[PDB]
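Enquirer: To start, I am sharing the structure in question, which I have written as structure tokens.
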Amino acid sequence: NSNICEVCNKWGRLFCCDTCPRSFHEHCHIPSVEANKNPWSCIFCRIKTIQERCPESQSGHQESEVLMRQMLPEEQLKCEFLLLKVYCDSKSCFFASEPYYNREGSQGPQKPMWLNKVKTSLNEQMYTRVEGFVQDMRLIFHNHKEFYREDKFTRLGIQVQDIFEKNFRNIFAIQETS
Ligand SMILES: [Zn+2]
Ligand SMILES: [Zn+2]
Ligand SMILES: [Zn+2]
């Protein structure tokens, strides 16, 4: 197995996957690494199994159909994985914890949102459709763009949104377009 966490790239107290060489901090994995389970298979492995059991699941889909799906176990897992792919980027640090807003010439968002809030919401099964999760995720970046205006710091929101959107299209097999 790897000697660093797949998500944050640090050593520490690592739980190792039994079916692939990845390792994780307990709360870096999503869901948090399960108490028992021998063998244990990481989220990457679990997602790969879904694809292998249903190869046609990789054919293209329309985003509008994906968003309306109910959060059954496989869609729950896919959203967890997509959240984890965002935390994999070090720039997610800016969006992880609860923000505050006090900048001359700007007003804070009406509905603040952050990664850890989305993480809790998934853990608590608060989303009934994929659309709930995707809307909160996109809101993170939209709030940031609006608040930071013409400051160059706005670019961090564009960057992390691009990671989110690329991974959304991959994990949910969105039909490729020009
Ligand atoms: Zn970690
Ligand atoms: Zn694995
Ligand atoms: Zn099938």
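Following the order of the structure tokens, chains are lettered A, B, ..., residues in each are numbered from 1, and ligands are numbered from 1.
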Hey, which residues come within 10 Å of ligand 3 if we count only C-alpha atoms and all ligand atoms? Could you give them as an MDAnalysis selection string?
Expert: chainID A and resid 50:57
Enquirer: Give the residues close to ligand 1, within 12 Å, counting only C-alpha atoms and all ligand atoms; write them as an MDAnalysis selection string.
Expert: chainID A and resid 3:16 22:30 32:33 84 87:90
Enquirer: Please write out the residues within 6 Å of ligand 2 as a list in words, counting only C-alpha atoms and all ligand atoms.
Expert: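 The residues near ligand 2 are residues 17, 19, 20, 22, 41, 42, 44 and 45 of chain A.
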Enquirer: For residue 113 of chain A, list every protein, DNA or RNA residue within 9 Å, evaluated using only C-alpha atoms, and leave out those in the same chain fewer than 6 positions away; present the list as a compact mmCIF listing (two decimals) with N, CA and C atoms, in the first residue's frame.
Expert:
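Full text of around-v9.txt as output:
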```txt
# COMPACT_ATOMS: atom_id res chain seq x y z
N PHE A 95 -12.39 26.10 0.73
CA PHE A 95 -13.83 25.90 0.66
C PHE A 95 -14.28 24.88 1.74
N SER A 97 -14.11 24.72 5.34
CA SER A 97 -14.77 25.10 6.58
C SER A 97 -15.65 26.32 6.41
N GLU A 98 -16.41 26.66 7.44
CA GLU A 98 -17.39 27.71 7.34
C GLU A 98 -16.80 29.08 7.10
N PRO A 99 -17.16 29.75 6.04
CA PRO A 99 -16.62 31.05 5.65
C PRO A 99 -17.25 32.18 6.47
N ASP A 136 -25.78 22.28 -4.03
CA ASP A 136 -24.95 22.80 -2.89
C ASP A 136 -23.52 22.94 -3.33
N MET A 137 -22.98 21.94 -4.04
CA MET A 137 -21.60 22.04 -4.50
C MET A 137 -21.39 23.24 -5.41
N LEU A 139 -23.05 25.95 -5.54
CA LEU A 139 -23.32 27.14 -4.73
C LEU A 139 -22.02 27.63 -4.02
N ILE A 140 -21.25 26.64 -3.60
CA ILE A 140 -19.94 27.00 -2.97
C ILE A 140 -19.21 27.93 -3.91
N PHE A 141 -19.05 27.54 -5.16
CA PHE A 141 -18.21 28.30 -6.08
C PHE A 141 -18.85 29.55 -6.56
N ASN A 143 -20.98 31.43 -4.82
CA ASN A 143 -20.90 32.40 -3.67
C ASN A 143 -19.54 33.04 -3.72
```
Enquirer: Return the single residue from A:133, A:81, A:147, A:153 that is closest to residue 94 of chain A, with distances computed using only C-alpha atoms.
Expert: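 Nearest to residue 94 of chain A: A:153.
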Enquirer: So, counting only C-alpha atoms, which residue among A:130, A:83, A:93, A:35 is closest to residue 118 of chain A?
Expert: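 Under the stated criterion, the closest residue is A:83.
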Enquirer: Which residues come within 12 Å of residue 108 of chain A, counting only C-alpha atoms, excluding same-chain residues fewer than 6 positions away, as a list in words?
Expert: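 Final neighbour list, sorted by chain and number: residues 99, 100, 101, 102, 142, 143, 144, 145, 146, 147, 148 and 149 of chain A.
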Enquirer: Please, which residues of segment 5-156 of chain A, numbered as in this document, come out strand (DSSP E or B) from DSSP, as a list in words?
Expert: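 Filtering segment 5-156 of chain A down to strand (DSSP E or B) leaves residues 14, 15, 16, 23, 24, 25, 61, 70 and 129 of chain A.
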Enquirer: Go ahead and save the picked residues with N, CA, C and O atoms, as a PDB file, in the first residue's frame.
Expert:
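Just written: selection.pdb:
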```pdb
ATOM      1  N   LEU A  14      -2.968   5.643   8.966  1.00  0.00           N
ATOM      2  CA  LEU A  14      -3.502   5.331   7.624  1.00  0.00           C
ATOM      3  C   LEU A  14      -4.183   3.956   7.697  1.00  0.00           C
ATOM      4  O   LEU A  14      -3.660   3.028   8.308  1.00  0.00           O
ATOM      5  N   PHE A  15      -5.357   3.870   7.090  1.00  0.00           N
ATOM      6  CA  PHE A  15      -6.068   2.622   6.808  1.00  0.00           C
ATOM      7  C   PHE A  15      -5.880   2.211   5.358  1.00  0.00           C
ATOM      8  O   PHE A  15      -6.076   3.005   4.427  1.00  0.00           O
ATOM      9  N   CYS A  16      -5.492   0.979   5.110  1.00  0.00           N
ATOM     10  CA  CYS A  16      -5.101   0.560   3.820  1.00  0.00           C
ATOM     11  C   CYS A  16      -6.222  -0.184   3.118  1.00  0.00           C
ATOM     12  O   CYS A  16      -6.938  -0.942   3.763  1.00  0.00           O
ATOM     13  N   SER A  23      -4.207   4.290   0.436  1.00  0.00           N
ATOM     14  CA  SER A  23      -4.389   4.397   1.882  1.00  0.00           C
ATOM     15  C   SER A  23      -5.068   5.697   2.249  1.00  0.00           C
ATOM     16  O   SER A  23      -4.898   6.657   1.484  1.00  0.00           O
ATOM     17  N   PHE A  24      -5.677   5.752   3.422  1.00  0.00           N
ATOM     18  CA  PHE A  24      -6.495   6.890   3.894  1.00  0.00           C
ATOM     19  C   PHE A  24      -6.425   7.217   5.337  1.00  0.00           C
ATOM     20  O   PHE A  24      -6.542   6.361   6.209  1.00  0.00           O
ATOM     21  N   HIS A  25      -6.379   8.513   5.662  1.00  0.00           N
ATOM     22  CA  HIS A  25      -6.778   8.891   6.976  1.00  0.00           C
ATOM     23  C   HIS A  25      -8.235   8.538   7.150  1.00  0.00           C
ATOM     24  O   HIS A  25      -9.040   8.602   6.191  1.00  0.00           O
ATOM     25  N   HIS A  61     -24.937  10.015 -20.572  1.00  0.00           N
ATOM     26  CA  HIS A  61     -26.168  10.426 -20.009  1.00  0.00           C
ATOM     27  C   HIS A  61     -26.358  11.910 -20.129  1.00  0.00           C
ATOM     28  O   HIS A  61     -25.419  12.690 -20.302  1.00  0.00           O
ATOM     29  N   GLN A  70     -33.077   9.727  -7.731  1.00  0.00           N
ATOM     30  CA  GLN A  70     -33.139   9.588  -6.309  1.00  0.00           C
ATOM     31  C   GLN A  70     -31.820   9.082  -5.734  1.00  0.00           C
ATOM     32  O   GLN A  70     -31.106   8.283  -6.379  1.00  0.00           O
ATOM     33  N   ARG A 129     -32.270  13.673  -3.840  1.00  0.00           N
ATOM     34  CA  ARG A 129     -31.908  13.515  -5.252  1.00  0.00           C
ATOM     35  C   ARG A 129     -30.507  14.029  -5.499  1.00  0.00           C
ATOM     36  O   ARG A 129     -30.012  14.891  -4.763  1.00  0.00           O
TER      37      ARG A 129
END
```
Enquirer: Any idea what's packed within 10 Å of residue 63 of chain A, counting only C-alpha atoms, ignoring anything in its chain fewer than 2 positions away? Could you give it as a PyMOL selection string?
Expert: chain A and resi 60-61+65-68+131+168-169+172-175
Enquirer: State, in Å with one decimal place, the distance from atom CA of residue 112 of chain A to atom CA of residue 171 of chain A.
Expert: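 Atom CA of residue 112 of chain A sits 26.0 Å away from atom CA of residue 171 of chain A.
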Enquirer: Record the distance separating atom CA of residue 162 of chain A and atom CA of residue 106 of chain A, expressed in Å with one decimal.
Expert: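 About the pair atom CA of residue 162 of chain A and atom CA of residue 106 of chain A: they are 24.2 Å apart.
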Enquirer: Can you list, as a ChimeraX atom specification, every protein, DNA or RNA residue that comes within 9 Å of residue 86 of chain A when you count only C-alpha atoms, leaving out same-chain residues fewer than 6 positions away?
Expert: /A:92,115,160-161,163-164,167
Enquirer: For the residues selected in the previous step, produce a file with N, CA and C atoms as a compact mmCIF listing (two decimals), in the first residue's frame.
Expert:
```
# COMPACT_ATOMS: atom_id res chain seq x y z
N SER A 92 -9.00 22.81 -2.26
CA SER A 92 -10.20 22.64 -1.47
C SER A 92 -10.16 23.19 -0.06
N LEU A 115 -17.64 22.81 2.05
CA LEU A 115 -17.49 21.34 1.81
C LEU A 115 -17.90 20.50 3.00
N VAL A 160 -11.41 25.28 -8.53
CA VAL A 160 -11.95 24.12 -7.82
C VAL A 160 -13.28 23.73 -8.49
N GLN A 161 -14.04 24.68 -9.00
CA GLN A 161 -15.25 24.29 -9.75
C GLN A 161 -14.88 23.42 -10.94
N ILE A 163 -12.47 21.29 -11.23
CA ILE A 163 -12.23 19.96 -10.70
C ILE A 163 -13.52 19.26 -10.43
N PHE A 164 -14.44 19.95 -9.76
CA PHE A 164 -15.78 19.37 -9.50
C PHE A 164 -16.46 18.94 -10.83
N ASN A 167 -14.93 15.94 -12.71
CA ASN A 167 -15.21 14.70 -12.02
C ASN A 167 -16.70 14.30 -12.06
```
Enquirer: Give me, as number ranges by chain, the residues of segment 23-161 of chain A that a backbone DSSP run labels helix (DSSP H, G or I).
Expert: A: 43-53, 55-58, 63-67, 73-87, 90-96, 115-123, 130-148, 154-161
Enquirer: For the atom pair atom CA of residue 125 of chain A and atom CA of residue 75 of chain A, what is the interatomic distance in Å to one decimal place?
Expert: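 Going from atom CA of residue 125 of chain A over to atom CA of residue 75 of chain A covers 11.6 Å.
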